Amino acid sequence: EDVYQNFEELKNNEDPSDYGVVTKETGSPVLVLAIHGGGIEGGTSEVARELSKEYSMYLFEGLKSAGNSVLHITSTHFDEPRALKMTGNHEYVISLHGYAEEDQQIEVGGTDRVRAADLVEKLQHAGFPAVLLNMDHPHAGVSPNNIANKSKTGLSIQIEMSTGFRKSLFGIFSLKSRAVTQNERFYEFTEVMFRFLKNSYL
Ligand SMILES: [Zn+2]
């Protein structure tokens, strides 16, 4: 269970300084979506911001010193108005998430089954620990209600990164310091992502 059922409820309950909505609109067909940034799923803000160097981005970030889990709205309920706008304005969506696991692992899902498999292959070739989840796996990112699918095509890739994998990319794993301690692994990973994104969405 999430604390809030939708964005309006979160907005009416939380101080606006405790969260932030951040957008970058470039007209790229692909949108990078991170609805659980900041302290909600740590590291997803930094990955999103780096990818926004070449692609449009939507970021919702939890900015509390503690307790950011209360700001998590599951994807099938996430309706913040700028997210609805940006998703509908784009052809395709890549949606970044974190989950709790100490081992390094990347779980890839979504509605775009061909591109999801291709991403997994490209990550595995590059030495990253990715697996493809199929249609019946729980939380596969396939619901029409999932924000990531509310695009012009309906085709998404869901990237779920374990705690271990996310912590491997930063010198200091904090709200304050991830953004200024990205390591060589961070850039290696984001580069694999930039190569995939440019080749897969011509
Ligand atoms: Zn998430």
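Everything here concerns the structure above.
Residues numbered from 1 in each chain as written, not as in the entry; some residues may be left out. Heavy atoms only, no water. Residues with missing side-chain atoms left out of burial classes, pairs and counts.

Engineer: Looking at this structure, how should I read the coordination of the zinc ion?
Structural biologist: Ideal coordination angles are 109.5 degrees for a metal with four donors arranged tetrahedrally and 90 or 180 degrees for a metal with six donors arranged octahedrally. Listed as protein donors to the zinc ion are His36 (ND1), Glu41 (OE), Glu41 (OE) and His97 (ND1); their distances from the metal cover 2.0 to 2.5 Å. In this structure, the zinc ion is surrounded by four donor atoms whose angles at the metal cover 55 to 164°, and the resulting shape is irregular. All donors to the zinc ion come from one chain, and their sequence spacing reads H-x4-E-x55-H. Here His97 lies in strand β4 (residues 92-99) and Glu41 lies in the loop between β2 (30-38) and α2 (44-51), a separation of 56 residues in the sequence. Each member of the pair, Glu41 as well as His97, carries the same accessibility label: buried. (Donors = N, O, S within 2.8 Å, 3.2 Å for Na, K, Ca; no water. Tetrahedral: all angles 85-135°; square planar, octahedral: opposite > 155°, others 65-115°. Helix = DSSP H or I, 4+ residues; strand = E, 2+ residues; numbered from the N terminus. Buried < 20%, exposed > 50% of the residue type's maximum accessible area, 1.4 Å probe, protein only.)

Engineer: Before we go on, may I ask you to explain the sheet that holds strand β6 (residues 130-132) in this structure?
Structural biologist: Strand pairing in a sheet relies on backbone hydrogen bonds. The paired strands run either parallel or antiparallel. With mixed pairing, seven strands are arranged side by side in an open sheet as β1-β3-β2-β4-β7-β5-β6. Edge positions in the open sheet fall to β1 (19-24) and β6, since each of these has one partner strand only. Direction aside, neighbouring strands of the sheet carry axes that sit 15° apart on average. Examined bridge by bridge, β2 and β4 share four bridges and lie parallel to one another. Paired with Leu33 across the two strands is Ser95, which belongs to β4. Sitting on the sheet, helix α4 (residues 113-125) is in contact with β4, β5 (106-109), β6 and β7 (155-162), with an inclination near 155° to β6. (Pairing = 2+ DSSP bridges. Axes fitted to C-alpha atoms, helices over the stretch in contact; angles between N-to-C directions. Contact = heavy atoms within 4.5 Å.)

Engineer: Which parts of the structure should I look at to understand the packing of aromatic side chains?
Structural biologist: Each aromatic ring pair is described using two quantities: the centre-to-centre distance and the angle formed by the ring planes. Under the definition given, this model contains 13 aromatic pairs. Ring geometry for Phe170 versus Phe173: centroids 6.1 Å apart, planes at 50°, classification tilted. The interplanar angle of 85° and the centroid separation of 6.3 Å between the aromatic rings of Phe196 and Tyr201 together place this pair among those described as edge-to-face. By the burial criterion, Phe196 is buried, and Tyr201 matches it. A network of ring pairs unites the aromatic residues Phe7, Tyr19, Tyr58, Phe60 and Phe78 as a single cluster. Looking at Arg115, its charged tip hangs above the ring of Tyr92, at a distance of 4.7 Å from the centre. The cationic tip of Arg178 hangs over the ring face of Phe173; the distance from NZ or CZ to the ring centre is 4.7 Å. (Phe/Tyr/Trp six-rings, centres within 6.5 Å; stacked < 30°, edge-to-face > 60°. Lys NZ or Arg CZ within 6 Å of the ring centre and 35° of its normal.)

Engineer: Teacher, can you tell me more about unusual backbone geometry here?
Structural biologist: Across residues other than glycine, the phi torsion is negative in most instances, and most of the peptide bonds are trans. The backbone of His139 shows a phi angle near 55°, a positive value even though the residue is not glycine. If you trace the backbone, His139 turns up in the loop between β6 and β7.

Engineer: Is there a simple way to explain the environment of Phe170 in this structure?
Structural biologist: Secondary-structure assignment places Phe170 in the loop between α5 (163-167) and α6 (184-200). Overall, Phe170 belongs to the buried group, its relative accessible area being 5%. Spatially, the C-alpha atom of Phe170 lies 30 Å from that of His137, the residues being 33 residues apart in sequence. Residues in contact with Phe170, not counting those within four places in the same chain, are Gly43, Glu46, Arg178, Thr181, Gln182, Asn183 and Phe186.

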